[PDB]
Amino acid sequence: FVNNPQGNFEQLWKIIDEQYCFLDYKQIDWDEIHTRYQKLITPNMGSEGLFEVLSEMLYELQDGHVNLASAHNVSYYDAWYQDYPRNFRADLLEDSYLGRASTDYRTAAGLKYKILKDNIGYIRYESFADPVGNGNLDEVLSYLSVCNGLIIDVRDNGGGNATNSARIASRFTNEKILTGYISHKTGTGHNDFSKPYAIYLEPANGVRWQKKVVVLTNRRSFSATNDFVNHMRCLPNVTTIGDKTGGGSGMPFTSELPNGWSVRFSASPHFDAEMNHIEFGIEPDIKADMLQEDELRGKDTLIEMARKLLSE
């Protein structure tokens, strides 16, 4: 397609039509949308006008994990995330739990970790864009083995590609275990899909954790983090606490328009181990929000509930 407004529209429309995996699931007349938005695409619209029109066309999918990026802006369906409370405070975490890196916690590549005062282990993993190696995980889980239970905090972790979700999650199973399913498209039809393929988690070749685990989640946990949560919640010693995750997966499809802009969206449906879609969010085992009355005392309601669960 040529680089002009019509070519960028048609290419974007065709990518979604042939590769987006929720057109039938969400009952979308993408063909209606083509003929209606075609009428709004003209020669000589500015980049601002074209971006706004193509953005609204993608808003018709109502999917916070369909992303359009240009040099001036990024677009995505927004109610998705920001209808839910934040449920994470980084300044509170550092003042009341982590403290000073020089003495009060330890840093193993992407992981910040420490023993809290009640002998509960605590791991903060901000970003899957930060590397975590197998040596880092050996050191963390060995140091924390003295603790009575373990908290893994992946709130506000928007994903990333530096670390696979299975590298961490495999530290918490001693047996090969089915944790989910993935279908991929087999054709351009809106329901051209393979049979779902099982996703297995195999035990890590290194130190593994043999006590109870809480994983903390919120609506800004997504993409690879969603895959991590999905792995972890199947496992016998794991309880998830917090909010529904933000959904997505660690395997979005990305494509470039003639004009250099890029679109990201889901092409391969991901399911939990009972064949529920997970890309719209995973509900936690225990639903909790951070309470302002607790923040004013210096406490994180979710960490405190986790500590209390792991103490008994």
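One-based numbering along the sequence shown.
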Original post:
Hey, which bit's got the bigger mean C-alpha B factor in the entry, 233 to 241 or 98 to 106?
Top reply: 98 to 106
Original post:
Do the C-alpha atoms of 49 to 57 or of 34 to 42 have the higher average B factor in the entry?
Top reply: 34 to 42
Original post:
Quick one: which of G189, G133, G180, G160 has the biggest Cα B-factor according to the entry?
Top reply: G189
Subject >> Residue with highest C-alpha B-factor in the PDB entry, from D272, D63, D285, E279 >> reply: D63
**OP:** Consider only the C-alpha atoms of the modelled residues in this chain, order them by B-factor as the entry records it, and name the third containing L23: lowest, middle or highest.
**Re:** highest
Subject >> Chain-relative CA temperature factor third for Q82 >> reply: highest
Original post:
Can you tell me which third, lowest, middle or highest, the CA B-factor of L291 falls into for its chain?
Top reply: highest
Original post:
By its CA B factor, does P196 count among the lowest, middle or highest third of the modelled residues in the chain?
Top reply: highest
Subject >> Third of chain Cα B-factors occupied by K211 >> reply: middle
